[PDB]
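Data from start34.pdb: PDB, C-alpha atoms (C1' of nucleotides)
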```pdb
ATOM      1  CA  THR A   2      50.894  46.411  38.531  1.00  0.00           C
ATOM      2  CA  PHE A   3      53.626  43.751  38.697  1.00  0.00           C
ATOM      3  CA  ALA A   4      55.149  42.433  35.465  1.00  0.00           C
ATOM      4  CA  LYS A   5      58.210  40.320  34.663  1.00  0.00           C
ATOM      5  CA  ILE A   6      60.304  41.288  31.626  1.00  0.00           C
ATOM      6  CA  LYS A   7      63.021  38.835  30.559  1.00  0.00           C
ATOM      7  CA  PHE A   8      65.525  40.025  27.940  1.00  0.00           C
ATOM      8  CA  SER A   9      66.543  36.680  26.439  1.00  0.00           C
ATOM      9  CA  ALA A  10      69.391  36.974  23.933  1.00  0.00           C
ATOM     10  CA  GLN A  11      72.468  35.152  22.629  1.00  0.00           C
ATOM     11  CA  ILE A  12      75.787  36.948  23.153  1.00  0.00           C
ATOM     12  CA  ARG A  13      77.989  36.133  20.148  1.00  0.00           C
ATOM     13  CA  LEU A  14      81.736  36.612  20.615  1.00  0.00           C
ATOM     14  CA  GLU A  15      83.544  37.752  17.466  1.00  0.00           C
ATOM     15  CA  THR A  16      86.926  38.132  19.208  1.00  0.00           C
ATOM     16  CA  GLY A  17      88.498  36.118  22.012  1.00  0.00           C
ATOM     17  CA  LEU A  18      88.458  37.918  25.358  1.00  0.00           C
ATOM     18  CA  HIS A  19      90.556  37.405  28.500  1.00  0.00           C
ATOM     19  CA  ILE A  20      89.028  37.567  31.992  1.00  0.00           C
ATOM     20  CA  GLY A  21      90.985  36.403  35.019  1.00  0.00           C
ATOM     21  CA  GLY A  22      89.385  33.846  37.303  1.00  0.00           C
ATOM     22  CA  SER A  23      90.298  32.177  40.591  1.00  0.00           C
ATOM     23  CA  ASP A  24      93.562  30.219  40.676  1.00  0.00           C
ATOM     24  CA  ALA A  25      95.971  29.398  37.844  1.00  0.00           C
ATOM     25  CA  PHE A  26      95.010  25.745  37.487  1.00  0.00           C
ATOM     26  CA  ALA A  27      92.611  25.548  34.523  1.00  0.00           C
ATOM     27  CA  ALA A  28      95.171  23.480  32.581  1.00  0.00           C
ATOM     28  CA  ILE A  29      98.740  22.190  32.750  1.00  0.00           C
ATOM     29  CA  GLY A  30     100.277  25.126  30.862  1.00  0.00           C
ATOM     30  CA  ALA A  31      99.371  28.274  32.790  1.00  0.00           C
ATOM     31  CA  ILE A  32     101.672  30.882  34.314  1.00  0.00           C
ATOM     32  CA  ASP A  33      99.381  33.907  34.644  1.00  0.00           C
ATOM     33  CA  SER A  34      95.681  34.500  35.292  1.00  0.00           C
ATOM     34  CA  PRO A  35      93.605  31.996  33.265  1.00  0.00           C
ATOM     35  CA  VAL A  36      89.869  32.084  32.506  1.00  0.00           C
ATOM     36  CA  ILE A  37      87.132  31.347  35.035  1.00  0.00           C
ATOM     37  CA  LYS A  38      85.212  28.143  34.323  1.00  0.00           C
ATOM     38  CA  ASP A  39      82.830  25.790  36.152  1.00  0.00           C
ATOM     39  CA  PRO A  40      83.710  24.171  39.501  1.00  0.00           C
ATOM     40  CA  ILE A  41      81.820  20.971  38.598  1.00  0.00           C
ATOM     41  CA  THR A  42      82.426  20.512  34.868  1.00  0.00           C
ATOM     42  CA  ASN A  43      85.139  21.991  32.626  1.00  0.00           C
ATOM     43  CA  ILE A  44      83.381  24.515  30.367  1.00  0.00           C
ATOM     44  CA  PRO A  45      84.569  28.155  30.088  1.00  0.00           C
ATOM     45  CA  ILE A  46      81.756  30.319  31.454  1.00  0.00           C
ATOM     46  CA  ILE A  47      81.492  34.062  32.067  1.00  0.00           C
ATOM     47  CA  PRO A  48      79.944  35.430  35.291  1.00  0.00           C
ATOM     48  CA  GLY A  49      77.345  38.165  35.548  1.00  0.00           C
ATOM     49  CA  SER A  50      79.344  40.447  37.833  1.00  0.00           C
ATOM     50  CA  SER A  51      81.508  41.689  34.950  1.00  0.00           C
ATOM     51  CA  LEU A  52      78.447  42.632  32.875  1.00  0.00           C
ATOM     52  CA  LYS A  53      76.920  44.929  35.503  1.00  0.00           C
ATOM     53  CA  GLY A  54      80.255  46.527  36.402  1.00  0.00           C
ATOM     54  CA  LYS A  55      81.014  47.397  32.765  1.00  0.00           C
ATOM     55  CA  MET A  56      77.597  48.376  31.382  1.00  0.00           C
ATOM     56  CA  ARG A  57      76.988  50.789  34.268  1.00  0.00           C
ATOM     57  CA  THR A  58      80.347  52.523  33.775  1.00  0.00           C
ATOM     58  CA  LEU A  59      79.940  53.082  30.025  1.00  0.00           C
ATOM     59  CA  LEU A  60      76.370  54.345  30.531  1.00  0.00           C
ATOM     60  CA  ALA A  61      76.955  56.730  33.462  1.00  0.00           C
ATOM     61  CA  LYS A  62      79.338  58.858  31.352  1.00  0.00           C
ATOM     62  CA  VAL A  63      76.773  60.162  28.830  1.00  0.00           C
ATOM     63  CA  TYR A  64      73.533  59.995  30.845  1.00  0.00           C
ATOM     64  CA  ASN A  65      74.864  62.002  33.801  1.00  0.00           C
ATOM     65  CA  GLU A  66      74.638  65.580  35.058  1.00  0.00           C
ATOM     66  CA  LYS A  67      77.662  65.767  37.390  1.00  0.00           C
ATOM     67  CA  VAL A  68      81.254  64.543  37.443  1.00  0.00           C
ATOM     68  CA  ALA A  69      81.266  61.231  39.294  1.00  0.00           C
ATOM     69  CA  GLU A  70      83.697  60.306  42.062  1.00  0.00           C
ATOM     70  CA  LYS A  71      82.298  57.309  43.954  1.00  0.00           C
ATOM     71  CA  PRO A  72      79.861  54.544  42.975  1.00  0.00           C
ATOM     72  CA  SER A  73      76.194  54.605  43.999  1.00  0.00           C
ATOM     73  CA  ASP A  74      76.306  58.416  44.091  1.00  0.00           C
ATOM     74  CA  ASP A  75      76.107  59.786  40.542  1.00  0.00           C
ATOM     75  CA  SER A  76      73.257  60.542  38.118  1.00  0.00           C
ATOM     76  CA  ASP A  77      69.983  59.989  39.984  1.00  0.00           C
ATOM     77  CA  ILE A  78      68.124  59.360  36.708  1.00  0.00           C
ATOM     78  CA  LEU A  79      69.811  55.940  36.426  1.00  0.00           C
ATOM     79  CA  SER A  80      70.449  55.096  40.094  1.00  0.00           C
ATOM     80  CA  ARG A  81      67.043  53.392  40.371  1.00  0.00           C
ATOM     81  CA  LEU A  82      68.032  50.910  37.637  1.00  0.00           C
ATOM     82  CA  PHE A  83      71.099  49.472  39.411  1.00  0.00           C
ATOM     83  CA  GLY A  84      70.678  50.459  43.069  1.00  0.00           C
ATOM     84  CA  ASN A  85      71.869  52.846  45.744  1.00  0.00           C
ATOM     85  CA  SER A  86      73.140  52.053  49.245  1.00  0.00           C
ATOM     86  CA  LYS A  87      72.719  55.682  50.378  1.00  0.00           C
ATOM     87  CA  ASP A  88      69.356  56.898  49.052  1.00  0.00           C
ATOM     88  CA  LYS A  89      66.442  56.126  51.375  1.00  0.00           C
ATOM     89  CA  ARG A  90      63.893  56.134  48.533  1.00  0.00           C
ATOM     90  CA  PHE A  91      65.036  52.806  47.054  1.00  0.00           C
ATOM     91  CA  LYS A  92      67.479  50.020  47.880  1.00  0.00           C
ATOM     92  CA  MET A  93      66.714  46.927  45.808  1.00  0.00           C
ATOM     93  CA  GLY A  94      67.513  46.972  42.098  1.00  0.00           C
ATOM     94  CA  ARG A  95      65.038  46.285  39.297  1.00  0.00           C
ATOM     95  CA  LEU A  96      67.651  44.815  36.907  1.00  0.00           C
ATOM     96  CA  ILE A  97      68.699  41.244  37.751  1.00  0.00           C
ATOM     97  CA  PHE A  98      71.381  39.721  35.526  1.00  0.00           C
ATOM     98  CA  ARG A  99      72.396  36.066  35.152  1.00  0.00           C
ATOM     99  CA  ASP A 100      75.669  34.156  34.844  1.00  0.00           C
ATOM    100  CA  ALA A 101      75.885  33.298  31.148  1.00  0.00           C
ATOM    101  CA  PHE A 102      76.717  29.647  30.463  1.00  0.00           C
ATOM    102  CA  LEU A 103      78.235  28.273  27.262  1.00  0.00           C
ATOM    103  CA  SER A 104      75.438  26.363  25.507  1.00  0.00           C
ATOM    104  CA  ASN A 105      77.306  25.946  22.197  1.00  0.00           C
ATOM    105  CA  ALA A 106      78.582  22.459  23.108  1.00  0.00           C
ATOM    106  CA  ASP A 107      75.694  20.802  21.235  1.00  0.00           C
ATOM    107  CA  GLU A 108      77.390  21.394  17.863  1.00  0.00           C
ATOM    108  CA  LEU A 109      80.990  22.436  18.624  1.00  0.00           C
ATOM    109  CA  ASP A 110      82.361  18.875  18.676  1.00  0.00           C
TER     110      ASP A 110
ATOM    111  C1'   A B   1      57.517   8.460 155.269  1.00  0.00           C
ATOM    112  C1'   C B   2      56.011  14.814 149.691  1.00  0.00           C
ATOM    113  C1'   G B   3      46.935  17.483 147.332  1.00  0.00           C
ATOM    114  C1'   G B   4      50.891  12.801 146.204  1.00  0.00           C
ATOM    115  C1'   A B   5      51.435   8.064 143.383  1.00  0.00           C
ATOM    116  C1'   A B   6      50.077   5.475 137.580  1.00  0.00           C
ATOM    117  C1'   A B   7      49.809   8.772 131.968  1.00  0.00           C
ATOM    118  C1'   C B   8      52.936  10.455 123.990  1.00  0.00           C
ATOM    119  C1'   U B   9      48.204  16.163 122.254  1.00  0.00           C
ATOM    120  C1'   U B  10      49.035  10.611 120.347  1.00  0.00           C
ATOM    121  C1'   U B  11      46.643   7.447 116.072  1.00  0.00           C
ATOM    122  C1'   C B  12      45.133   9.215 110.210  1.00  0.00           C
ATOM    123  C1'   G B  13      47.114  12.864 105.563  1.00  0.00           C
ATOM    124  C1'   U B  14      51.827  14.635  98.088  1.00  0.00           C
ATOM    125  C1'   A B  15      50.062  22.381  99.224  1.00  0.00           C
ATOM    126  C1'   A B  16      47.274  19.119  94.703  1.00  0.00           C
ATOM    127  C1'   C B  17      44.498  19.078  89.421  1.00  0.00           C
ATOM    128  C1'   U B  18      45.330  22.231  84.880  1.00  0.00           C
ATOM    129  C1'   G B  19      49.032  25.375  81.180  1.00  0.00           C
ATOM    130  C1'   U B  20      54.566  25.441  74.240  1.00  0.00           C
ATOM    131  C1'   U B  21      58.358  32.122  76.294  1.00  0.00           C
ATOM    132  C1'   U B  22      54.793  32.083  72.337  1.00  0.00           C
ATOM    133  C1'   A B  23      53.091  35.203  67.557  1.00  0.00           C
ATOM    134  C1'   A B  24      55.769  38.523  63.796  1.00  0.00           C
ATOM    135  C1'   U B  25      61.430  39.048  60.938  1.00  0.00           C
ATOM    136  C1'   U B  26      66.180  37.665  53.689  1.00  0.00           C
ATOM    137  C1'   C B  27      73.075  39.491  57.389  1.00  0.00           C
ATOM    138  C1'   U B  28      71.601  42.725  52.719  1.00  0.00           C
ATOM    139  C1'   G B  29      72.221  47.833  49.680  1.00  0.00           C
ATOM    140  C1'   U B  30      76.601  49.937  46.056  1.00  0.00           C
ATOM    141  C1'   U B  31      81.363  46.684  43.481  1.00  0.00           C
ATOM    142  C1'   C B  32      84.830  44.085  35.626  1.00  0.00           C
ATOM    143  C1'   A B  33      91.193  40.307  38.813  1.00  0.00           C
ATOM    144  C1'   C B  34      92.073  45.444  36.841  1.00  0.00           C
ATOM    145  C1'   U B  35      95.857  49.231  34.309  1.00  0.00           C
ATOM    146  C1'   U B  36     100.488  50.221  30.524  1.00  0.00           C
ATOM    147  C1'   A B  37     101.971  45.904  26.472  1.00  0.00           C
ATOM    148  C1'   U B  38     104.943  43.859  18.169  1.00  0.00           C
ATOM    149  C1'   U B  39     106.537  36.257  20.001  1.00  0.00           C
ATOM    150  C1'   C B  40     109.424  39.745  17.009  1.00  0.00           C
TER     151        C B  40
END
```
Structure translated into structure tokens:
Amino acid sequence: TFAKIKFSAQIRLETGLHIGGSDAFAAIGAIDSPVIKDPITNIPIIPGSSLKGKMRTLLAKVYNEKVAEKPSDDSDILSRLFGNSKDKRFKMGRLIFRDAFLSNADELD
RNA sequence: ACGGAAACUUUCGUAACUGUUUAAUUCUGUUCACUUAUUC
């Protein structure tokens, strides 16, 4: 009737990425867009907005039936997984992500 | 050298007792700080 499925995993980075954050003040040697971190502490963290915006794009190009043009209006077979602000049959999404935090500080030092 | 002369409709007493503009309601549904790039 109503179940809760939590996909707990550990994202391992094999190659250093580069995602721009807010302002260019993460250190004393920046000149371009740095990396988003934590407003309280000083640990490089990755938000959850970049995961939904990238996984949906790479998935809607093989599981679709029509050439897309605008978001929330392509491939109805997967629109119920992320959401749709135009279809009256559903509005809320059934896939809630989470801002991944760096928990590798217990053995990095 | 008047059917006149003498004289408070006056004294007393809250329009009063009682009583929620109340019950119900996410300012949210879609959204990578991105694209091209030999520290040689």
- Name all residues at most 12 Å from segment 30-46 of chain A (count only C-alpha atoms (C1' of nucleotides); drop same-chain ones fewer than 3 positions away) and give them as a PyMOL selection string. (chain A and resi 17-27+49+51+99-106) or (chain B and resi 33-34)
- For chain B, list the residues within 8 Å of chain A, counting only C-alpha atoms (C1' of nucleotides), and write the list as a list in words. residues 29, 30, 31, 32 and 33 of chain B
- Query: In Å, with one decimal, what is the gap from atom CA of residue 47 of chain A to atom CA of residue 12 of chain A?
  - Reply: 11.0 Å
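Distance annotation: of A:69, A:28, A:62, A:97, the residue with the minimal separation from residue 7 of chain A is A:97; atom set is all atoms listed in the file.
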Any chance you could work out the axis-aligned box around segment 58-63 of chain A, listed atoms only, 6 Å on each side, giving centre and edge lengths in Å to one decimal, as AutoDock Vina command-line options?
```
--center_x 78.4 --center_y 56.3 --center_z 31.3 --size_x 16.0 --size_y 19.6 --size_z 16.9
```
As a PDB file, keeping the file's coordinate frame, the rebuilt segment 30-46 of chain A with N, CA and C atoms:
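Wrote result_5.pdb, looks like this:
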```
ATOM      1  N   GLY A  30      99.363  24.230  31.544  1.00  0.00           N
ATOM      2  CA  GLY A  30     100.277  25.126  30.862  1.00  0.00           C
ATOM      3  C   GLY A  30     100.002  26.590  31.137  1.00  0.00           C
ATOM      4  N   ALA A  31      99.658  26.908  32.379  1.00  0.00           N
ATOM      5  CA  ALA A  31      99.371  28.274  32.790  1.00  0.00           C
ATOM      6  C   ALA A  31     100.535  28.850  33.586  1.00  0.00           C
ATOM      7  N   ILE A  32     100.616  30.179  33.595  1.00  0.00           N
ATOM      8  CA  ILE A  32     101.672  30.882  34.314  1.00  0.00           C
ATOM      9  C   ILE A  32     101.130  32.213  34.816  1.00  0.00           C
ATOM     10  N   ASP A  33     100.006  32.647  34.257  1.00  0.00           N
ATOM     11  CA  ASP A  33      99.381  33.907  34.644  1.00  0.00           C
ATOM     12  C   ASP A  33      97.928  33.622  35.024  1.00  0.00           C
ATOM     13  N   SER A  34      97.091  34.646  34.946  1.00  0.00           N
ATOM     14  CA  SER A  34      95.681  34.500  35.292  1.00  0.00           C
ATOM     15  C   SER A  34      94.929  33.833  34.147  1.00  0.00           C
ATOM     16  N   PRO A  35      94.328  32.660  34.357  1.00  0.00           N
ATOM     17  CA  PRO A  35      93.605  31.996  33.265  1.00  0.00           C
ATOM     18  C   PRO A  35      92.212  32.568  33.053  1.00  0.00           C
ATOM     19  N   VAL A  36      91.255  31.698  32.739  1.00  0.00           N
ATOM     20  CA  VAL A  36      89.869  32.084  32.506  1.00  0.00           C
ATOM     21  C   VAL A  36      88.990  31.307  33.476  1.00  0.00           C
ATOM     22  N   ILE A  37      88.039  32.004  34.103  1.00  0.00           N
ATOM     23  CA  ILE A  37      87.132  31.347  35.035  1.00  0.00           C
ATOM     24  C   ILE A  37      86.268  30.341  34.285  1.00  0.00           C
ATOM     25  N   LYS A  38      85.992  29.214  34.932  1.00  0.00           N
ATOM     26  CA  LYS A  38      85.212  28.143  34.323  1.00  0.00           C
ATOM     27  C   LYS A  38      84.151  27.687  35.321  1.00  0.00           C
ATOM     28  N   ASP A  39      83.831  26.396  35.286  1.00  0.00           N
ATOM     29  CA  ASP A  39      82.830  25.790  36.152  1.00  0.00           C
ATOM     30  C   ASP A  39      83.492  24.895  37.193  1.00  0.00           C
ATOM     31  N   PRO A  40      83.092  25.011  38.463  1.00  0.00           N
ATOM     32  CA  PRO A  40      83.710  24.171  39.501  1.00  0.00           C
ATOM     33  C   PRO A  40      83.348  22.701  39.392  1.00  0.00           C
ATOM     34  N   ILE A  41      82.237  22.361  38.740  1.00  0.00           N
ATOM     35  CA  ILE A  41      81.820  20.971  38.598  1.00  0.00           C
ATOM     36  C   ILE A  41      82.380  20.405  37.300  1.00  0.00           C
ATOM     37  N   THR A  42      81.968  20.979  36.171  1.00  0.00           N
ATOM     38  CA  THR A  42      82.426  20.512  34.868  1.00  0.00           C
ATOM     39  C   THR A  42      83.714  21.218  34.461  1.00  0.00           C
ATOM     40  N   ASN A  43      83.947  21.339  33.155  1.00  0.00           N
ATOM     41  CA  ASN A  43      85.139  21.991  32.626  1.00  0.00           C
ATOM     42  C   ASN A  43      84.769  22.745  31.346  1.00  0.00           C
ATOM     43  N   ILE A  44      83.867  23.712  31.481  1.00  0.00           N
ATOM     44  CA  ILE A  44      83.381  24.515  30.367  1.00  0.00           C
ATOM     45  C   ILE A  44      83.653  25.977  30.693  1.00  0.00           C
ATOM     46  N   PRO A  45      84.308  26.733  29.810  1.00  0.00           N
ATOM     47  CA  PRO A  45      84.569  28.155  30.088  1.00  0.00           C
ATOM     48  C   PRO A  45      83.272  28.948  30.113  1.00  0.00           C
ATOM     49  N   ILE A  46      82.952  29.510  31.277  1.00  0.00           N
ATOM     50  CA  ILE A  46      81.756  30.319  31.454  1.00  0.00           C
ATOM     51  C   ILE A  46      82.169  31.711  31.914  1.00  0.00           C
TER      52      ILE A  46
END
```
